[PDB]
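Enquirer: Structure: target22.cif, mmCIF, N, CA and C atoms.
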```cif
data_target
loop_
_atom_site.label_atom_id
_atom_site.label_comp_id
_atom_site.auth_asym_id
_atom_site.auth_seq_id
_atom_site.Cartn_x
_atom_site.Cartn_y
_atom_site.Cartn_z
N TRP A 31 116.83 120.32 87.53
CA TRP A 31 117.09 118.89 87.70
C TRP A 31 115.79 118.16 88.02
N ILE A 32 114.84 118.88 88.61
CA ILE A 32 113.57 118.29 89.01
C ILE A 32 112.75 117.91 87.79
N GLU A 33 112.79 118.75 86.74
CA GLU A 33 112.07 118.44 85.51
C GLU A 33 112.70 117.28 84.75
N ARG A 34 114.03 117.16 84.80
CA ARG A 34 114.72 116.11 84.08
C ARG A 34 114.75 114.78 84.82
N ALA A 35 114.29 114.75 86.07
CA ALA A 35 114.26 113.51 86.85
C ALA A 35 112.86 112.97 87.07
N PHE A 36 111.84 113.82 87.09
CA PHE A 36 110.46 113.41 87.31
C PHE A 36 109.66 113.69 86.05
N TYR A 37 108.92 112.68 85.58
CA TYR A 37 108.19 112.76 84.33
C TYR A 37 106.69 112.62 84.58
N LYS A 38 105.91 113.33 83.78
CA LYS A 38 104.46 113.23 83.76
C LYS A 38 104.03 112.31 82.62
N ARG A 39 102.71 112.18 82.45
CA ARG A 39 102.15 111.39 81.36
C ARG A 39 100.73 111.87 81.09
N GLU A 40 100.23 111.58 79.88
CA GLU A 40 98.88 112.06 79.50
C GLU A 40 98.28 111.10 78.46
N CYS A 41 97.35 110.23 78.88
CA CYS A 41 96.67 109.33 77.92
C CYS A 41 95.91 110.18 76.90
N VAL A 42 96.22 110.02 75.61
CA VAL A 42 95.58 110.87 74.56
C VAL A 42 95.14 109.98 73.40
N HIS A 43 95.81 108.83 73.20
CA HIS A 43 95.41 107.92 72.14
C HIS A 43 94.18 107.13 72.57
N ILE A 44 93.72 106.27 71.65
CA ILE A 44 92.57 105.36 71.71
C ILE A 44 91.25 106.12 71.74
N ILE A 45 90.97 106.81 72.85
CA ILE A 45 89.78 107.63 73.11
C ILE A 45 88.49 106.82 72.97
N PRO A 46 88.16 105.92 73.89
CA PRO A 46 86.90 105.18 73.81
C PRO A 46 85.73 106.03 74.27
N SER A 47 84.56 105.40 74.31
CA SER A 47 83.34 106.04 74.79
C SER A 47 82.79 105.24 75.96
N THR A 48 82.39 105.95 77.02
CA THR A 48 81.80 105.34 78.22
C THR A 48 80.45 106.01 78.46
N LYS A 49 79.41 105.48 77.81
CA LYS A 49 78.02 105.92 77.86
C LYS A 49 77.82 107.35 77.37
N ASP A 50 78.81 107.93 76.69
CA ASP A 50 78.80 109.26 76.09
C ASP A 50 80.02 109.36 75.18
N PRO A 51 79.88 109.97 73.99
CA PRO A 51 81.03 110.03 73.07
C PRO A 51 82.11 110.99 73.52
N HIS A 52 81.75 112.09 74.19
CA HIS A 52 82.76 113.00 74.71
C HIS A 52 83.45 112.44 75.94
N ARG A 53 82.76 111.59 76.70
CA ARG A 53 83.30 111.06 77.95
C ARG A 53 84.26 109.92 77.65
N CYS A 54 85.55 110.23 77.67
CA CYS A 54 86.60 109.23 77.55
C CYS A 54 86.72 108.42 78.84
N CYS A 55 87.41 107.28 78.75
CA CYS A 55 87.82 106.59 79.96
C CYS A 55 89.00 107.27 80.64
N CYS A 56 89.72 108.14 79.92
CA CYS A 56 90.78 108.95 80.49
C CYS A 56 90.27 110.24 81.12
N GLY A 57 88.96 110.43 81.18
CA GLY A 57 88.35 111.54 81.90
C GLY A 57 88.15 112.82 81.12
N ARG A 58 89.10 113.15 80.24
CA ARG A 58 89.00 114.38 79.47
C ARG A 58 87.99 114.22 78.33
N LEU A 59 87.62 115.35 77.74
CA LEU A 59 86.68 115.34 76.62
C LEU A 59 87.36 114.81 75.36
N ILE A 60 86.54 114.49 74.36
CA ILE A 60 87.06 114.00 73.09
C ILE A 60 87.82 115.11 72.37
N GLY A 61 87.29 116.33 72.39
CA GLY A 61 88.03 117.46 71.84
C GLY A 61 89.15 117.93 72.74
N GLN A 62 89.06 117.64 74.04
CA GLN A 62 90.11 118.05 74.97
C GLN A 62 91.35 117.18 74.85
N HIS A 63 91.19 115.95 74.37
CA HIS A 63 92.33 115.05 74.22
C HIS A 63 93.17 115.47 73.02
N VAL A 64 94.49 115.53 73.22
CA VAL A 64 95.40 115.93 72.16
C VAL A 64 96.31 114.77 71.78
N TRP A 92 97.52 104.98 83.64
CA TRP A 92 98.19 103.81 83.10
C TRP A 92 97.97 103.70 81.59
N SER A 93 98.71 102.80 80.95
CA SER A 93 98.57 102.56 79.52
C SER A 93 97.51 101.52 79.19
N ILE A 94 96.83 100.98 80.19
CA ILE A 94 95.78 99.99 79.97
C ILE A 94 94.55 100.73 79.43
N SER A 95 94.23 100.47 78.15
CA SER A 95 93.10 101.05 77.41
C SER A 95 93.11 102.58 77.41
N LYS A 96 94.29 103.19 77.55
CA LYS A 96 94.42 104.64 77.52
C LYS A 96 95.52 105.05 76.55
N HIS A 97 96.58 104.23 76.48
CA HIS A 97 97.79 104.47 75.68
C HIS A 97 98.41 105.83 76.01
N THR A 98 98.72 106.01 77.30
CA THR A 98 99.35 107.23 77.76
C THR A 98 100.80 107.29 77.30
N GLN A 99 101.32 108.51 77.19
CA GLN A 99 102.67 108.75 76.70
C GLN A 99 103.48 109.49 77.75
N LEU A 100 104.65 108.95 78.08
CA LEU A 100 105.53 109.58 79.05
C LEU A 100 106.24 110.78 78.43
N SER A 101 106.38 111.84 79.23
CA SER A 101 106.92 113.11 78.78
C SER A 101 107.46 113.84 80.00
N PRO A 102 108.41 114.77 79.82
CA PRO A 102 108.87 115.56 80.97
C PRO A 102 107.79 116.48 81.53
N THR A 103 107.87 116.71 82.83
CA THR A 103 106.83 117.45 83.54
C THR A 103 106.94 118.94 83.28
N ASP A 104 105.81 119.57 82.96
CA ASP A 104 105.74 121.01 82.78
C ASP A 104 105.13 121.75 83.96
N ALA A 105 104.57 121.03 84.94
CA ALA A 105 103.88 121.65 86.07
C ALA A 105 104.84 121.76 87.24
N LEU B 472 87.58 142.02 101.78
CA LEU B 472 87.59 142.02 100.32
C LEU B 472 88.77 141.23 99.75
N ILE B 473 89.91 141.29 100.43
CA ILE B 473 91.03 140.43 100.05
C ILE B 473 90.83 139.03 100.60
N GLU B 474 89.95 138.87 101.58
CA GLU B 474 89.67 137.55 102.13
C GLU B 474 88.82 136.71 101.18
N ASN B 475 88.00 137.37 100.36
CA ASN B 475 87.34 136.65 99.28
C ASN B 475 88.24 136.58 98.06
N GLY B 476 88.96 137.66 97.80
CA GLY B 476 89.86 137.73 96.67
C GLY B 476 89.79 139.09 96.03
N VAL B 477 90.98 139.67 95.88
CA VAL B 477 91.16 140.96 95.22
C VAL B 477 92.27 140.82 94.19
N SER B 478 93.33 140.08 94.57
CA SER B 478 94.56 139.93 93.78
C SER B 478 95.07 141.30 93.33
N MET B 479 95.61 142.05 94.30
CA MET B 479 95.78 143.51 94.27
C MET B 479 96.46 144.10 93.03
N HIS B 480 97.40 143.37 92.41
CA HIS B 480 98.03 143.89 91.20
C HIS B 480 97.04 144.01 90.05
N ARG B 481 96.12 143.04 89.95
CA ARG B 481 95.02 143.14 88.99
C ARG B 481 94.05 144.25 89.39
N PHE B 482 93.97 144.55 90.69
CA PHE B 482 93.11 145.64 91.14
C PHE B 482 93.65 147.00 90.73
N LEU B 483 94.95 147.12 90.49
CA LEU B 483 95.57 148.40 90.22
C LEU B 483 95.75 148.67 88.73
N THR B 484 95.55 149.93 88.36
CA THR B 484 96.13 150.52 87.16
C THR B 484 96.79 151.81 87.60
N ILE B 485 97.29 152.58 86.63
CA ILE B 485 97.74 153.93 86.93
C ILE B 485 96.56 154.82 87.29
N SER B 486 95.49 154.73 86.49
CA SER B 486 94.36 155.66 86.62
C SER B 486 93.56 155.42 87.89
N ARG B 487 93.42 154.15 88.30
CA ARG B 487 92.71 153.82 89.53
C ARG B 487 93.40 154.38 90.76
N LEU B 488 94.73 154.30 90.79
CA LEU B 488 95.48 154.90 91.89
C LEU B 488 95.44 156.42 91.80
N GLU B 489 95.32 156.95 90.58
CA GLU B 489 95.38 158.38 90.34
C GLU B 489 94.13 159.08 90.87
N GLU B 490 92.96 158.51 90.60
CA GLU B 490 91.71 159.05 91.15
C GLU B 490 91.67 158.87 92.66
N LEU B 491 92.37 157.86 93.16
CA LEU B 491 92.45 157.65 94.60
C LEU B 491 93.36 158.69 95.27
N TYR B 492 94.28 159.29 94.52
CA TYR B 492 95.05 160.44 94.97
C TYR B 492 94.30 161.76 94.94
N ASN B 493 93.12 161.82 94.34
CA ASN B 493 92.46 163.11 94.19
C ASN B 493 91.17 163.26 94.99
N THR B 494 90.41 162.18 95.16
CA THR B 494 89.15 162.28 95.88
C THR B 494 89.39 162.47 97.38
N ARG B 495 88.51 163.26 97.99
CA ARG B 495 88.59 163.58 99.41
C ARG B 495 87.29 163.21 100.12
N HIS B 496 86.75 162.03 99.81
CA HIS B 496 85.48 161.61 100.37
C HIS B 496 85.68 160.83 101.67
N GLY B 497 86.39 161.43 102.63
CA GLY B 497 86.72 160.74 103.85
C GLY B 497 87.62 161.56 104.76
N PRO B 498 88.73 160.95 105.20
CA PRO B 498 89.69 161.67 106.04
C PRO B 498 90.31 162.86 105.33
N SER B 499 90.67 163.87 106.12
CA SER B 499 91.28 165.08 105.58
C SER B 499 92.71 164.79 105.11
N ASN B 500 93.16 165.58 104.14
CA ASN B 500 94.46 165.37 103.53
C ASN B 500 95.22 166.69 103.44
N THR B 501 96.53 166.60 103.31
CA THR B 501 97.38 167.77 103.18
C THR B 501 98.01 167.91 101.80
N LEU B 502 97.58 167.10 100.82
CA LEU B 502 98.17 167.12 99.48
C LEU B 502 97.95 168.44 98.77
N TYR B 503 96.83 169.11 99.06
CA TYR B 503 96.53 170.43 98.52
C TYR B 503 97.60 171.44 98.92
N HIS B 504 98.14 171.31 100.13
CA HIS B 504 99.22 172.19 100.57
C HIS B 504 100.55 171.79 99.95
N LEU B 505 100.85 170.49 99.92
CA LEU B 505 102.18 170.02 99.53
C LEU B 505 102.43 170.18 98.03
N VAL B 506 101.47 169.79 97.18
CA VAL B 506 101.72 169.84 95.74
C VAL B 506 101.70 171.27 95.23
N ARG B 507 101.09 172.18 95.99
CA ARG B 507 101.21 173.60 95.65
C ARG B 507 102.62 174.09 95.94
N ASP B 508 103.24 173.58 97.00
CA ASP B 508 104.56 174.04 97.41
C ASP B 508 105.66 173.53 96.49
N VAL B 509 105.51 172.30 95.98
CA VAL B 509 106.56 171.76 95.13
C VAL B 509 106.42 172.20 93.68
N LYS B 510 105.23 172.64 93.26
CA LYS B 510 105.12 173.32 91.98
C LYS B 510 105.45 174.80 92.08
N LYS B 511 105.64 175.32 93.30
CA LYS B 511 106.32 176.60 93.45
C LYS B 511 107.81 176.45 93.17
N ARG B 512 108.37 175.26 93.39
CA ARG B 512 109.70 174.94 92.90
C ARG B 512 109.70 174.58 91.42
N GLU B 513 108.53 174.32 90.84
CA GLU B 513 108.39 174.07 89.42
C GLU B 513 107.72 175.23 88.68
N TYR B 514 107.71 176.42 89.27
CA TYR B 514 107.08 177.58 88.66
C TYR B 514 108.12 178.46 87.97
N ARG C 210 102.43 128.58 116.14
CA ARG C 210 103.47 127.73 115.48
C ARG C 210 102.93 127.22 114.13
N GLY C 211 103.19 127.93 113.03
CA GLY C 211 102.62 127.63 111.73
C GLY C 211 103.57 127.20 110.63
N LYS C 212 104.49 126.28 110.94
CA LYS C 212 105.31 125.56 109.97
C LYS C 212 105.10 124.09 110.29
N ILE C 213 104.05 123.50 109.72
CA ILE C 213 103.55 122.21 110.17
C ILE C 213 104.15 121.16 109.24
N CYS C 214 104.48 121.59 108.01
CA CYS C 214 105.03 120.76 106.93
C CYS C 214 104.08 119.60 106.60
N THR C 215 102.89 119.99 106.15
CA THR C 215 101.89 119.07 105.66
C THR C 215 102.05 118.89 104.16
N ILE C 216 101.79 117.68 103.68
CA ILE C 216 101.97 117.33 102.27
C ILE C 216 100.66 116.75 101.76
N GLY C 217 100.15 117.30 100.66
CA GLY C 217 98.90 116.83 100.11
C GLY C 217 99.03 116.01 98.84
N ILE C 218 98.86 114.69 98.96
CA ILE C 218 98.93 113.78 97.83
C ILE C 218 97.59 113.78 97.12
N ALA C 219 97.40 114.72 96.20
CA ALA C 219 96.17 114.82 95.44
C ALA C 219 96.42 114.41 94.00
N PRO C 220 95.44 113.80 93.33
CA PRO C 220 95.62 113.46 91.91
C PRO C 220 95.71 114.71 91.05
N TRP C 221 96.41 114.58 89.92
CA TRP C 221 96.61 115.71 89.03
C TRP C 221 95.31 116.11 88.34
N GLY C 222 94.46 115.14 88.02
CA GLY C 222 93.21 115.43 87.35
C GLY C 222 92.05 115.74 88.28
N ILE C 223 92.17 115.35 89.55
CA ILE C 223 91.08 115.60 90.49
C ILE C 223 91.05 117.05 90.96
N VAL C 224 92.17 117.76 90.90
CA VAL C 224 92.21 119.14 91.38
C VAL C 224 91.61 120.08 90.34
N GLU C 225 91.20 121.25 90.80
CA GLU C 225 90.56 122.24 89.94
C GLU C 225 91.62 123.12 89.28
N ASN C 226 91.30 123.59 88.07
CA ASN C 226 92.12 124.49 87.26
C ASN C 226 93.49 123.88 86.96
N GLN C 227 93.46 122.79 86.20
CA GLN C 227 94.68 122.13 85.75
C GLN C 227 95.48 123.02 84.81
N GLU C 228 94.80 123.87 84.04
CA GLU C 228 95.50 124.80 83.16
C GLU C 228 96.19 125.91 83.94
N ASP C 229 95.70 126.22 85.14
CA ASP C 229 96.35 127.21 85.99
C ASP C 229 97.68 126.69 86.52
N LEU C 230 97.81 125.38 86.66
CA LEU C 230 99.03 124.77 87.17
C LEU C 230 100.04 124.45 86.07
N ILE C 231 99.80 124.88 84.84
CA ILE C 231 100.77 124.69 83.77
C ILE C 231 101.79 125.82 83.81
N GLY C 232 103.07 125.47 83.77
CA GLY C 232 104.14 126.44 83.79
C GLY C 232 105.28 125.99 84.68
N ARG C 233 106.50 125.98 84.14
CA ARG C 233 107.66 125.47 84.86
C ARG C 233 108.29 126.59 85.67
N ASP C 234 108.42 126.36 86.99
CA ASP C 234 109.01 127.29 87.95
C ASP C 234 108.32 128.66 87.93
N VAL C 235 107.00 128.65 87.78
CA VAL C 235 106.20 129.86 87.69
C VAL C 235 105.26 129.91 88.89
N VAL C 236 105.22 131.06 89.56
CA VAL C 236 104.34 131.26 90.71
C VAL C 236 102.94 131.49 90.15
N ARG C 237 102.11 130.45 90.16
CA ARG C 237 100.78 130.50 89.60
C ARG C 237 99.77 130.63 90.73
N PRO C 238 99.12 131.77 90.91
CA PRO C 238 98.15 131.90 92.00
C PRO C 238 96.84 131.18 91.68
N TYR C 239 96.23 130.62 92.72
CA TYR C 239 94.96 129.92 92.60
C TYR C 239 93.99 130.53 93.60
N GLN C 240 92.80 130.88 93.13
CA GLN C 240 91.78 131.49 93.96
C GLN C 240 90.91 130.40 94.58
N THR C 241 90.49 130.63 95.83
CA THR C 241 89.68 129.68 96.58
C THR C 241 88.18 129.81 96.30
N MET C 242 87.81 130.38 95.16
CA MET C 242 86.41 130.47 94.75
C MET C 242 85.91 129.08 94.40
N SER C 243 85.03 128.54 95.24
CA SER C 243 84.58 127.16 95.09
C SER C 243 83.34 127.11 94.20
N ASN C 244 83.43 126.35 93.11
CA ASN C 244 82.28 126.12 92.25
C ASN C 244 81.50 124.92 92.77
N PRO C 245 80.21 125.07 93.09
CA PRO C 245 79.46 123.94 93.67
C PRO C 245 79.12 122.84 92.67
N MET C 246 79.18 123.11 91.37
CA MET C 246 78.78 122.14 90.36
C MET C 246 79.95 121.47 89.64
N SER C 247 81.18 121.87 89.93
CA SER C 247 82.34 121.30 89.25
C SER C 247 82.78 120.02 89.95
N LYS C 248 83.01 118.97 89.15
CA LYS C 248 83.55 117.73 89.69
C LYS C 248 85.02 117.86 90.06
N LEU C 249 85.72 118.85 89.51
CA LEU C 249 87.09 119.15 89.89
C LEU C 249 87.08 119.79 91.27
N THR C 250 87.47 119.02 92.28
CA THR C 250 87.36 119.44 93.67
C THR C 250 88.42 120.48 93.99
N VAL C 251 88.03 121.49 94.79
CA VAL C 251 88.92 122.59 95.16
C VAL C 251 90.08 122.08 96.02
N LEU C 252 91.14 122.87 96.06
CA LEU C 252 92.29 122.58 96.90
C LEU C 252 92.02 123.00 98.34
N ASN C 253 92.86 122.52 99.25
CA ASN C 253 92.85 122.97 100.63
C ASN C 253 94.02 123.94 100.75
N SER C 254 93.71 125.20 101.07
CA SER C 254 94.65 126.30 100.81
C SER C 254 95.82 126.33 101.79
N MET C 255 95.58 126.10 103.08
CA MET C 255 96.63 126.28 104.07
C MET C 255 97.50 125.03 104.26
N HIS C 256 97.47 124.10 103.32
CA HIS C 256 98.53 123.10 103.23
C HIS C 256 99.81 123.73 102.71
N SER C 257 100.94 123.29 103.26
CA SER C 257 102.23 123.87 102.91
C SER C 257 102.86 123.24 101.68
N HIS C 258 102.64 121.95 101.45
CA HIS C 258 103.24 121.24 100.33
C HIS C 258 102.18 120.47 99.58
N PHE C 259 102.44 120.23 98.29
CA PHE C 259 101.52 119.49 97.45
C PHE C 259 102.29 118.54 96.55
N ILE C 260 101.74 117.35 96.36
CA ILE C 260 102.22 116.38 95.39
C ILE C 260 101.07 116.04 94.45
N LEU C 261 101.30 116.15 93.15
CA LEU C 261 100.27 115.95 92.14
C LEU C 261 100.52 114.60 91.47
N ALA C 262 99.85 113.57 91.99
CA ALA C 262 99.99 112.22 91.46
C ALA C 262 99.30 112.12 90.11
#
```
Since I need it in another form, could you write the structure as structure tokens?
Expert:
Amino acid sequence: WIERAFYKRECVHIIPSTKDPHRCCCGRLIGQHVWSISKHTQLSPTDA
Amino acid sequence: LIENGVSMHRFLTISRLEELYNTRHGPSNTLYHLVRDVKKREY
Amino acid sequence: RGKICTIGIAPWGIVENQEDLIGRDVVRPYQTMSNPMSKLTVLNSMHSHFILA
């Protein structure tokens, strides 16, 4: 019930550059990427 | 050693425990007496 | 008396080994080996509860 009631999210779209092409504003690397302000995060059920 | 990290299940295999059953580089043991007696039941 | 019921509100991305915490209802062990150069800050081990914001 805990997984179906609490949801995670992971910004993966857009992928800008912040003084480095691998350095996203979402923190992860450009190859590592698979709020929604300039991140376009997607809500999904929690796996952790 | 476990205070830094050992994660004991990863520390074990069959063979690592097996050599630990055979070496006598420390305290005295009675396994030499016992396993001879139970293979007398297996003789 | 060691049932203090402390809760750690840490960010999900700020903690170290995010891939180690993947898995539903799985007992995932985490080692306290601290890397001095990683920006992913280590956990505090003797906290009883954790919330991953």
Enquirer: Using only N, CA and C atoms, determine which residues of chain A fall within 7 Å of chain C; present them as a PyMOL selection string.
Expert: chain A and resi 103-105
Enquirer: So what do you get for CA of residue 53 in chain A versus CA of residue 96 in chain A, distance-wise?
Expert: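 Going from CA of residue 53 in chain A over to CA of residue 96 in chain A covers 12.8 Å.
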Enquirer: For each of C:225, C:240, C:212, C:219, take the minimum atom-to-atom distance to chain B, counting only N, CA and C atoms, then give the residue where this is smallest.
Expert: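 Of all the options, C:240 lies closest to chain B.
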Enquirer: Enumerate, as JSON, numbers by chain, the residues matched when the PyMOL selection byres (((chain C and resi 251 and name CA) around 8) and name CA) is run on the file above.
Expert: {"C": [224, 225, 241, 243, 249, 250, 252, 253]}
Enquirer: Report, in Å to a single decimal, how far apart atom C of residue 50 in chain A and atom C of residue 102 in chain A are.
Expert: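 Atom C of residue 50 in chain A lies 29.4 Å from atom C of residue 102 in chain A.
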Enquirer: Could you state the separation of CA of residue 494 in chain B and CA of residue 512 in chain B in Å, given to one decimal place?
Expert: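 One can read the CA of residue 494 in chain B to CA of residue 512 in chain B distance as 24.3 Å.
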Enquirer: Around all the atoms of range 489-508 of chain B listed in the file, draw an axis-aligned box and extend it by 4 Å on each of the six sides; I want its centre and edge lengths in Å to one decimal, as JSON.
Expert:
```
{"center_x": 95.6, "center_y": 165.5, "center_z": 98.2, "size_x": 28.2, "size_y": 25.1, "size_z": 23.8}
```
Enquirer: Would you kindly translate the PyMOL selection byres (((chain A and resi 59 and name CA) around 12) and name CA) into the concrete residues it picks from this file, as a PyMOL selection string?
Expert: chain A and resi 41-42+45-48+50-58+60-64
Enquirer: Rank C:216, C:244, C:226, C:236 by their smallest atom-to-atom distance to residue 256 in chain C, using all atoms listed in the file, and report the top residue only.
Expert: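 Under the stated criterion, the closest residue is C:216.
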Enquirer: Given the PyMOL selection byres ((chain A and resi 98) around 7) and the file above, list the residues it selects as a PyMOL selection string.
Expert: chain A and resi 39-43+92-97+99-100
